[PDB]
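File shown: structure_25.cif. Contents: mmCIF, N, CA and C atoms and all ligand atoms.
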data_input
loop_
_atom_site.label_atom_id
_atom_site.label_comp_id
_atom_site.auth_asym_id
_atom_site.auth_seq_id
_atom_site.Cartn_x
_atom_site.Cartn_y
_atom_site.Cartn_z
N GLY T 13 0.82 -1.21 0.00
CA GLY T 13 0.00 0.00 0.00
C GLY T 13 0.86 1.26 0.00
N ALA T 14 0.36 2.26 0.73
CA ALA T 14 0.82 3.62 0.54
C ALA T 14 2.31 3.71 0.90
N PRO T 15 2.80 3.13 2.02
CA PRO T 15 4.23 3.21 2.28
C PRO T 15 5.13 2.69 1.15
N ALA T 16 4.78 1.50 0.63
CA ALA T 16 5.57 0.92 -0.46
C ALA T 16 5.51 1.86 -1.68
N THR T 17 4.34 2.51 -1.91
CA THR T 17 4.23 3.42 -3.06
C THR T 17 5.24 4.55 -2.93
N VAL T 18 5.36 5.08 -1.68
CA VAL T 18 6.28 6.19 -1.43
C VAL T 18 7.71 5.73 -1.62
N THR T 19 8.03 4.52 -1.14
CA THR T 19 9.37 3.94 -1.37
C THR T 19 9.69 3.97 -2.89
N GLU T 20 8.76 3.50 -3.68
CA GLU T 20 9.03 3.30 -5.11
C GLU T 20 9.03 4.63 -5.88
N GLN T 21 8.13 5.57 -5.51
CA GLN T 21 7.79 6.70 -6.35
C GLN T 21 8.04 8.07 -5.72
N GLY T 22 8.38 8.09 -4.46
CA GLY T 22 8.50 9.35 -3.74
C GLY T 22 9.75 10.12 -4.15
N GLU T 23 9.66 11.44 -4.05
CA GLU T 23 10.79 12.34 -4.25
C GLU T 23 11.63 12.37 -2.98
N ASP T 24 12.94 12.35 -3.12
CA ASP T 24 13.79 12.57 -1.94
C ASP T 24 13.97 14.08 -1.68
N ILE T 25 13.41 14.56 -0.58
CA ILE T 25 13.39 16.00 -0.32
C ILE T 25 14.44 16.33 0.75
N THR T 26 15.36 15.43 1.07
CA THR T 26 16.48 15.75 1.96
C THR T 26 17.57 16.54 1.25
N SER T 27 18.30 17.34 2.04
CA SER T 27 19.45 18.06 1.53
C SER T 27 20.56 17.07 1.19
N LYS T 28 20.75 16.10 2.06
CA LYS T 28 21.86 15.18 1.86
C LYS T 28 21.52 14.12 0.81
N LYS T 29 20.28 14.07 0.31
CA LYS T 29 19.82 13.05 -0.67
C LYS T 29 20.18 11.63 -0.19
N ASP T 30 19.74 11.34 1.04
CA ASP T 30 19.96 10.03 1.68
C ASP T 30 18.65 9.25 1.73
N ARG T 31 17.62 9.69 1.04
CA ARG T 31 16.30 9.05 1.02
C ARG T 31 15.63 9.02 2.40
N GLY T 32 16.05 9.92 3.29
CA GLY T 32 15.53 9.92 4.64
C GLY T 32 14.12 10.46 4.79
N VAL T 33 13.70 11.31 3.83
CA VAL T 33 12.34 11.80 3.73
C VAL T 33 11.91 11.74 2.27
N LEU T 34 10.96 10.84 1.99
CA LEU T 34 10.37 10.67 0.69
C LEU T 34 8.94 11.18 0.66
N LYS T 35 8.58 11.88 -0.46
CA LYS T 35 7.31 12.56 -0.58
C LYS T 35 6.57 12.27 -1.86
N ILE T 36 5.25 12.05 -1.73
CA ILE T 36 4.35 12.13 -2.91
C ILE T 36 3.26 13.12 -2.60
N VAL T 37 3.02 14.02 -3.56
CA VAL T 37 1.85 14.89 -3.50
C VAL T 37 0.66 14.08 -3.96
N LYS T 38 -0.38 13.96 -3.15
CA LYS T 38 -1.57 13.18 -3.45
C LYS T 38 -2.72 14.08 -3.88
N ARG T 39 -2.76 15.31 -3.37
CA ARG T 39 -3.73 16.31 -3.81
C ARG T 39 -2.99 17.65 -3.89
N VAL T 40 -3.03 18.29 -5.06
CA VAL T 40 -2.38 19.57 -5.24
C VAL T 40 -3.12 20.66 -4.46
N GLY T 41 -2.33 21.54 -3.82
CA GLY T 41 -2.82 22.70 -3.08
C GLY T 41 -2.79 23.97 -3.95
N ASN T 42 -2.78 25.17 -3.36
CA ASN T 42 -2.79 26.38 -4.18
C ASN T 42 -1.86 27.43 -3.57
N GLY T 43 -1.44 28.40 -4.39
CA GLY T 43 -0.72 29.57 -3.91
C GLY T 43 0.79 29.35 -4.03
N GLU T 44 1.54 30.46 -4.12
CA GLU T 44 2.99 30.44 -4.26
C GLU T 44 3.68 30.22 -2.91
N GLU T 45 2.97 30.46 -1.80
CA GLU T 45 3.63 30.53 -0.50
C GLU T 45 3.71 29.11 0.06
N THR T 46 4.85 28.75 0.69
CA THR T 46 4.95 27.55 1.50
C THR T 46 5.42 27.99 2.89
N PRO T 47 5.15 27.22 3.96
CA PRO T 47 5.51 27.64 5.30
C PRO T 47 7.01 27.84 5.49
N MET T 48 7.36 28.92 6.21
CA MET T 48 8.73 29.34 6.47
C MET T 48 9.03 29.12 7.95
N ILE T 49 10.31 28.92 8.28
CA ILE T 49 10.70 28.69 9.66
C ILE T 49 10.06 29.76 10.55
N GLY T 50 9.44 29.34 11.66
CA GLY T 50 8.78 30.24 12.62
C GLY T 50 7.26 30.36 12.47
N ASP T 51 6.75 30.08 11.26
CA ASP T 51 5.32 30.08 10.97
C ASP T 51 4.51 29.15 11.89
N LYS T 52 3.27 29.56 12.20
CA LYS T 52 2.38 28.69 12.98
C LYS T 52 1.58 27.95 11.93
N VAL T 53 1.61 26.61 11.98
CA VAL T 53 1.10 25.74 10.93
C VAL T 53 -0.01 24.86 11.48
N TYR T 54 -1.05 24.71 10.64
CA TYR T 54 -2.26 23.97 10.99
C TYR T 54 -2.37 22.79 10.01
N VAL T 55 -2.43 21.55 10.53
CA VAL T 55 -2.56 20.37 9.68
C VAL T 55 -3.60 19.40 10.23
N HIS T 56 -4.12 18.54 9.33
CA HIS T 56 -4.69 17.26 9.73
C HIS T 56 -3.68 16.22 9.27
N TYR T 57 -3.56 15.13 10.05
CA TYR T 57 -2.60 14.09 9.69
C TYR T 57 -3.17 12.75 10.13
N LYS T 58 -2.73 11.74 9.39
CA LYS T 58 -2.78 10.35 9.80
C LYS T 58 -1.37 9.76 9.71
N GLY T 59 -0.95 9.08 10.77
CA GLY T 59 0.41 8.60 10.83
C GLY T 59 0.44 7.20 11.39
N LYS T 60 1.47 6.44 11.03
CA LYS T 60 1.60 5.07 11.48
C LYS T 60 3.04 4.64 11.33
N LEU T 61 3.41 3.60 12.07
CA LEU T 61 4.66 2.90 11.71
C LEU T 61 4.53 2.27 10.31
N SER T 62 5.62 2.17 9.54
CA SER T 62 5.49 1.72 8.16
C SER T 62 5.00 0.27 8.15
N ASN T 63 5.30 -0.50 9.20
CA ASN T 63 4.84 -1.87 9.45
C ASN T 63 3.32 -1.97 9.63
N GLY T 64 2.59 -0.84 9.64
CA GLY T 64 1.14 -0.83 9.79
C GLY T 64 0.69 -0.95 11.25
N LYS T 65 1.61 -0.97 12.24
CA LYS T 65 1.31 -1.64 13.51
C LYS T 65 0.72 -0.69 14.55
N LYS T 66 0.90 0.63 14.37
CA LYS T 66 0.17 1.63 15.17
C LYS T 66 -0.27 2.76 14.23
N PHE T 67 -1.35 3.49 14.56
CA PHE T 67 -2.03 4.50 13.73
C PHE T 67 -2.65 5.67 14.52
N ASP T 68 -2.10 6.86 14.33
CA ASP T 68 -2.44 8.02 15.15
C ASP T 68 -2.96 9.11 14.22
N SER T 69 -4.01 9.79 14.64
CA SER T 69 -4.67 10.74 13.75
C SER T 69 -5.19 11.93 14.53
N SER T 70 -4.94 13.12 13.99
CA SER T 70 -5.51 14.34 14.53
C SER T 70 -7.03 14.24 14.55
N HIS T 71 -7.61 13.51 13.57
CA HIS T 71 -9.06 13.39 13.54
C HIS T 71 -9.61 12.68 14.78
N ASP T 72 -8.84 11.81 15.43
CA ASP T 72 -9.27 11.15 16.67
C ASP T 72 -9.34 12.15 17.83
N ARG T 73 -8.68 13.33 17.73
CA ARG T 73 -8.79 14.39 18.73
C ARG T 73 -9.80 15.47 18.30
N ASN T 74 -10.42 15.28 17.12
CA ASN T 74 -11.51 16.15 16.67
C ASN T 74 -11.01 17.61 16.64
N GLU T 75 -9.74 17.81 16.26
CA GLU T 75 -9.06 19.11 16.32
C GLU T 75 -7.85 19.08 15.37
N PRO T 76 -7.47 20.20 14.71
CA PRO T 76 -6.22 20.23 13.96
C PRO T 76 -4.99 20.19 14.86
N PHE T 77 -3.90 19.64 14.33
CA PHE T 77 -2.61 19.66 15.00
C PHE T 77 -1.86 20.92 14.57
N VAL T 78 -1.38 21.65 15.58
CA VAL T 78 -0.81 22.96 15.36
C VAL T 78 0.59 22.98 15.96
N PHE T 79 1.53 23.56 15.23
CA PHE T 79 2.93 23.60 15.63
C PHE T 79 3.62 24.75 14.88
N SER T 80 4.76 25.19 15.45
CA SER T 80 5.56 26.26 14.88
C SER T 80 6.69 25.58 14.10
N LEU T 81 6.80 25.88 12.81
CA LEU T 81 7.76 25.21 11.95
C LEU T 81 9.21 25.57 12.30
N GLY T 82 10.11 24.57 12.23
CA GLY T 82 11.54 24.70 12.53
C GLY T 82 11.92 25.00 13.97
N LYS T 83 11.05 24.77 14.96
CA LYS T 83 11.24 25.19 16.33
C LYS T 83 11.52 23.96 17.24
N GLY T 84 11.72 22.81 16.63
CA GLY T 84 12.00 21.61 17.39
C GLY T 84 10.77 21.01 18.04
N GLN T 85 9.55 21.31 17.54
CA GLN T 85 8.33 20.87 18.20
C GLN T 85 7.88 19.51 17.67
N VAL T 86 8.39 19.21 16.49
CA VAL T 86 8.06 18.04 15.71
C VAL T 86 9.36 17.43 15.24
N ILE T 87 9.27 16.19 14.72
CA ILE T 87 10.40 15.47 14.16
C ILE T 87 10.95 16.24 12.94
N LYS T 88 12.27 16.12 12.72
CA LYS T 88 12.96 16.78 11.62
C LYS T 88 12.20 16.61 10.29
N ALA T 89 11.73 15.40 10.01
CA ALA T 89 11.02 15.10 8.77
C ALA T 89 9.79 15.99 8.53
N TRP T 90 9.11 16.45 9.60
CA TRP T 90 7.96 17.32 9.46
C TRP T 90 8.45 18.71 9.14
N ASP T 91 9.50 19.18 9.80
CA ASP T 91 10.03 20.51 9.57
C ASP T 91 10.49 20.61 8.12
N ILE T 92 11.10 19.54 7.63
CA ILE T 92 11.52 19.47 6.22
C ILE T 92 10.32 19.36 5.29
N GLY T 93 9.43 18.39 5.57
CA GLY T 93 8.37 18.07 4.61
C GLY T 93 7.28 19.12 4.50
N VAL T 94 6.79 19.63 5.63
CA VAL T 94 5.74 20.61 5.61
C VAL T 94 6.26 21.92 4.98
N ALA T 95 7.56 22.22 5.05
CA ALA T 95 8.10 23.41 4.44
C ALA T 95 7.95 23.33 2.92
N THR T 96 7.71 22.14 2.37
CA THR T 96 7.56 22.01 0.91
C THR T 96 6.10 22.06 0.46
N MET T 97 5.14 22.16 1.39
CA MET T 97 3.72 21.98 1.08
C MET T 97 2.97 23.30 0.87
N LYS T 98 1.97 23.29 -0.05
CA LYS T 98 1.12 24.46 -0.28
C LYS T 98 -0.16 24.30 0.53
N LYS T 99 -0.81 25.42 0.85
CA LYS T 99 -2.10 25.36 1.50
C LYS T 99 -3.03 24.53 0.64
N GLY T 100 -3.71 23.57 1.29
CA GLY T 100 -4.69 22.72 0.61
C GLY T 100 -4.10 21.38 0.16
N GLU T 101 -2.77 21.28 0.23
CA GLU T 101 -2.09 20.10 -0.28
C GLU T 101 -2.28 18.93 0.67
N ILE T 102 -2.42 17.73 0.08
CA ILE T 102 -2.28 16.50 0.84
C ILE T 102 -1.03 15.82 0.30
N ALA T 103 -0.17 15.41 1.22
CA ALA T 103 1.07 14.73 0.86
C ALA T 103 1.24 13.47 1.70
N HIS T 104 1.93 12.50 1.12
CA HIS T 104 2.45 11.32 1.79
C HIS T 104 3.95 11.49 2.05
N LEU T 105 4.35 11.23 3.30
CA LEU T 105 5.74 11.17 3.69
C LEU T 105 6.10 9.78 4.20
N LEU T 106 7.26 9.29 3.76
CA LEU T 106 7.88 8.09 4.35
C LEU T 106 9.25 8.47 4.89
N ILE T 107 9.51 8.12 6.18
CA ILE T 107 10.56 8.77 6.91
C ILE T 107 11.46 7.76 7.62
N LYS T 108 12.77 7.80 7.34
CA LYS T 108 13.71 6.87 7.96
C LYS T 108 13.95 7.35 9.37
N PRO T 109 14.43 6.48 10.28
CA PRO T 109 14.59 6.89 11.69
C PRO T 109 15.48 8.09 11.96
N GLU T 110 16.52 8.30 11.14
CA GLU T 110 17.42 9.44 11.29
C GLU T 110 16.68 10.81 11.22
N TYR T 111 15.47 10.85 10.65
CA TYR T 111 14.70 12.06 10.54
C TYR T 111 13.44 11.97 11.40
N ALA T 112 13.41 10.95 12.29
CA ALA T 112 12.31 10.82 13.20
C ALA T 112 12.84 10.54 14.60
N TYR T 113 12.71 9.30 15.09
CA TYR T 113 13.10 9.07 16.49
C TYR T 113 14.35 8.24 16.67
N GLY T 114 15.09 7.90 15.60
CA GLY T 114 16.46 7.39 15.68
C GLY T 114 16.53 6.03 16.36
N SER T 115 17.69 5.76 16.97
CA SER T 115 17.97 4.45 17.56
C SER T 115 17.31 4.38 18.93
N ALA T 116 17.07 5.53 19.55
CA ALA T 116 16.42 5.54 20.84
C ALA T 116 14.95 5.14 20.74
N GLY T 117 14.32 5.56 19.65
CA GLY T 117 12.87 5.49 19.56
C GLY T 117 12.20 6.48 20.49
N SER T 118 10.90 6.22 20.72
CA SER T 118 10.10 6.96 21.64
C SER T 118 9.01 6.04 22.16
N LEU T 119 9.37 5.15 23.08
CA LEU T 119 8.43 4.15 23.57
C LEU T 119 7.36 4.87 24.41
N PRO T 120 6.14 4.31 24.51
CA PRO T 120 5.80 3.01 23.94
C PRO T 120 5.29 3.13 22.50
N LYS T 121 5.02 4.33 22.00
CA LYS T 121 4.47 4.44 20.64
C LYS T 121 5.46 4.09 19.53
N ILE T 122 6.74 4.45 19.64
CA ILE T 122 7.68 4.33 18.53
C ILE T 122 8.87 3.49 18.98
N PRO T 123 9.13 2.35 18.34
CA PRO T 123 10.27 1.53 18.71
C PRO T 123 11.55 2.09 18.13
N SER T 124 12.68 1.46 18.50
CA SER T 124 13.97 1.84 17.98
C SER T 124 13.99 1.69 16.46
N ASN T 125 14.60 2.63 15.76
CA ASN T 125 14.94 2.46 14.34
C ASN T 125 13.68 2.27 13.50
N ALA T 126 12.64 3.01 13.87
CA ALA T 126 11.36 2.90 13.18
C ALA T 126 11.32 3.83 11.94
N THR T 127 10.82 3.24 10.85
CA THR T 127 10.30 4.02 9.73
C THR T 127 8.82 4.39 9.88
N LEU T 128 8.53 5.66 9.59
CA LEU T 128 7.21 6.28 9.80
C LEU T 128 6.62 6.67 8.43
N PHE T 129 5.30 6.56 8.35
CA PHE T 129 4.49 7.01 7.24
C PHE T 129 3.45 8.02 7.73
N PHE T 130 3.31 9.11 7.00
CA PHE T 130 2.26 10.07 7.31
C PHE T 130 1.51 10.51 6.07
N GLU T 131 0.19 10.74 6.22
CA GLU T 131 -0.55 11.58 5.28
C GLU T 131 -0.84 12.89 5.99
N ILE T 132 -0.47 13.99 5.36
CA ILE T 132 -0.63 15.29 5.96
C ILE T 132 -1.45 16.18 5.04
N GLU T 133 -2.45 16.83 5.65
CA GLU T 133 -3.14 17.91 4.90
C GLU T 133 -2.79 19.24 5.57
N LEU T 134 -2.20 20.11 4.78
CA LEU T 134 -1.91 21.48 5.16
C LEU T 134 -3.15 22.36 5.09
N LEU T 135 -3.63 22.75 6.29
CA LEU T 135 -4.86 23.52 6.41
C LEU T 135 -4.57 25.01 6.27
N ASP T 136 -3.50 25.49 6.94
CA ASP T 136 -3.24 26.93 6.96
C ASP T 136 -1.91 27.15 7.67
N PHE T 137 -1.32 28.34 7.49
CA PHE T 137 -0.10 28.74 8.16
C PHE T 137 -0.02 30.26 8.18
N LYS T 138 0.58 30.80 9.25
CA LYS T 138 0.58 32.23 9.56
C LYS T 138 1.98 32.58 10.04
N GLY T 139 2.46 33.77 9.66
CA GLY T 139 3.77 34.27 10.02
C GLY T 139 3.84 34.52 11.52
N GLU T 140 5.01 34.34 12.12
CA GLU T 140 5.24 34.75 13.49
C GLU T 140 4.85 36.23 13.57
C1 LIG T 201 6.45 10.40 20.34
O1 LIG T 201 5.30 10.97 20.86
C2 LIG T 201 4.23 11.02 19.99
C3 LIG T 201 4.29 10.82 18.61
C4 LIG T 201 3.12 10.87 17.86
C5 LIG T 201 1.92 11.21 18.48
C6 LIG T 201 1.88 11.50 19.83
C7 LIG T 201 3.03 11.40 20.61
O2 LIG T 201 3.01 11.71 21.97
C8 LIG T 201 2.44 10.74 22.82
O3 LIG T 201 0.72 11.82 20.49
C9 LIG T 201 -0.27 12.62 19.82
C10 LIG T 201 -1.37 13.06 20.79
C11 LIG T 201 -2.26 11.96 21.45
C12 LIG T 201 -0.71 13.87 21.93
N1 LIG T 201 0.22 14.85 21.38
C13 LIG T 201 1.54 14.78 21.36
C14 LIG T 201 1.95 15.91 20.72
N2 LIG T 201 0.85 16.65 20.40
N3 LIG T 201 -0.21 15.98 20.79
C15 LIG T 201 3.33 16.38 20.50
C16 LIG T 201 4.07 15.26 19.76
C17 LIG T 201 5.41 15.62 19.13
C18 LIG T 201 6.03 14.41 18.53
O4 LIG T 201 5.34 13.89 17.36
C19 LIG T 201 5.86 14.24 16.17
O5 LIG T 201 6.80 14.95 16.01
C20 LIG T 201 5.17 13.57 15.00
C21 LIG T 201 4.71 14.62 13.99
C22 LIG T 201 3.55 15.47 14.49
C23 LIG T 201 2.36 14.55 14.77
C24 LIG T 201 2.77 13.50 15.84
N4 LIG T 201 4.04 12.76 15.45
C25 LIG T 201 4.28 11.44 15.71
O6 LIG T 201 5.43 10.98 15.55
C26 LIG T 201 3.14 10.62 16.35
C27 LIG T 201 3.32 9.12 16.01
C28 LIG T 201 2.32 8.21 16.73
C29 LIG T 201 2.60 6.69 16.47
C30 LIG T 201 2.49 6.41 14.99
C31 LIG T 201 3.32 7.35 14.19
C32 LIG T 201 3.21 8.84 14.51
#
Show the structure stored in the file as structure tokens.
Ligand SMILES: COc1cc2cc(c1OC)OC[C@@H](C)Cn1cc(nn1)CCCCOC(=O)[C@@H]1CCCCN1C(=O)[C@H]2C1CCCCC1
Amino acid sequence: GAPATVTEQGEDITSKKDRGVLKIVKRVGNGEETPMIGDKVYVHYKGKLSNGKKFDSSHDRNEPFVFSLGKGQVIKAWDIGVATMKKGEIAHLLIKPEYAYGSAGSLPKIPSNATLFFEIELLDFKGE
């Protein structure tokens, strides 16, 4: 399914081109602007381990997930990936552990050396 699709077809959006963050745009958004470091960003997301084994969603909290971009509030892969997204866009990200929770993990939700998959919808973003 969707993780394997991202493996096969996703763009590598890392600076180092190490395939640590792979992206597919699933629904095109609008506008020239993408979120800049410091912006307050509003998303809906569905996320899981690539193994399918856990699944977390902003929709289960009946509220958007909000964070300030580049401020260390989220995993590196989100700071990188959401910076590439337009308002209205839905994207798939597949993320190696070096851009998420590494060798330590984040138990009990995230084991060591986990690959993560997310679908993210960019709802809105506002300048600091
Ligand atoms: C490692 O900890 C978690 C990871 C993830 C979700 C977490 C979480 O905490 C327990 O609970 C979400 C919710 C119930 C409470 N919460 C936490 C945060 N905001 N609301 C702040 C969370 C910051 C860390 O999360 C992230 O950086 C990423 C990207 C932003 C959405 C959440 N993220 C996750 O990694 C999820 C994770 C859950 C397991 C399946 C994969 C995704």
TODO: Step one, run DSSP on the backbone; step two, keep only residues of segment 32-132 of chain T assigned to helix (DSSP H, G or I); then write them as a PyMOL selection string.
DONE: chain T and resi 70-73+88-94+109-111
TODO: Please extract the residues at most 8 Å from ligand LIG 201 (chain T), counting only N, CA and C atoms and all ligand atoms, and provide them as a ChimeraX atom specification, using the chain letters and residue numbers of this document.
DONE: /T:57-62,65-70,72-73,77-78,84-91,112-113,117-122,127-130
Open item on the list: Just checking: using only C-alpha atoms, which residue out of T:81, T:53, T:105, T:36 ends up closest to residue 21 of chain T?
Closed with: T:36
TODO: Using DSSP on the backbone coordinates, identify the residues of segment 14-95 of chain T assigned to strand (DSSP E or B); present them as a list in words.
DONE: residues 23, 24, 33, 34, 35, 36, 37, 38, 39, 42, 52, 53, 54, 55, 56, 57, 58, 59, 60, 61, 67, 68, 69, 77, 78, 79 and 80 of chain T
Taking (8.0, 32.3, 12.9) as a centre in this file's frame and 6.5 Å as the limit, can you find every polymer residue with an atom that close, using only N, CA and C atoms, and give them as a PDB file with N, CA and C atoms, in the coordinates of the input?
ATOM      1  N   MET T  48       7.360  28.920   6.210  1.00  0.00           N
ATOM      2  CA  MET T  48       8.730  29.340   6.470  1.00  0.00           C
ATOM      3  C   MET T  48       9.030  29.120   7.950  1.00  0.00           C
ATOM      4  N   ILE T  49      10.310  28.920   8.280  1.00  0.00           N
ATOM      5  CA  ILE T  49      10.700  28.690   9.660  1.00  0.00           C
ATOM      6  C   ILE T  49      10.060  29.760  10.550  1.00  0.00           C
ATOM      7  N   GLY T  50       9.440  29.340  11.660  1.00  0.00           N
ATOM      8  CA  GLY T  50       8.780  30.240  12.620  1.00  0.00           C
ATOM      9  C   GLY T  50       7.260  30.360  12.470  1.00  0.00           C
ATOM     10  N   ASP T  51       6.750  30.080  11.260  1.00  0.00           N
ATOM     11  CA  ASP T  51       5.320  30.080  10.970  1.00  0.00           C
ATOM     12  C   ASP T  51       4.510  29.150  11.890  1.00  0.00           C
ATOM     13  N   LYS T  52       3.270  29.560  12.200  1.00  0.00           N
ATOM     14  CA  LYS T  52       2.380  28.690  12.980  1.00  0.00           C
ATOM     15  C   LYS T  52       1.580  27.950  11.930  1.00  0.00           C
ATOM     16  N   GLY T 139       2.460  33.770   9.660  1.00  0.00           N
ATOM     17  CA  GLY T 139       3.770  34.270  10.020  1.00  0.00           C
ATOM     18  C   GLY T 139       3.840  34.520  11.520  1.00  0.00           C
ATOM     19  N   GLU T 140       5.010  34.340  12.120  1.00  0.00           N
ATOM     20  CA  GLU T 140       5.240  34.750  13.490  1.00  0.00           C
ATOM     21  C   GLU T 140       4.850  36.230  13.570  1.00  0.00           C
TER      22      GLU T 140
END
TODO: Calculate how many Å separate atom C of residue 104 of chain T from atom CA of residue 37 of chain T, rounding to one decimal.
DONE: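 Between atom C of residue 104 of chain T and atom CA of residue 37 of chain T the gap works out to 6.8 Å.
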TODO: For each of T:46, T:96, T:111, T:56, take the minimum atom-to-atom distance to residue 131 of chain T, counting only N, CA and C atoms, then give the residue where this is smallest.
DONE: T:56
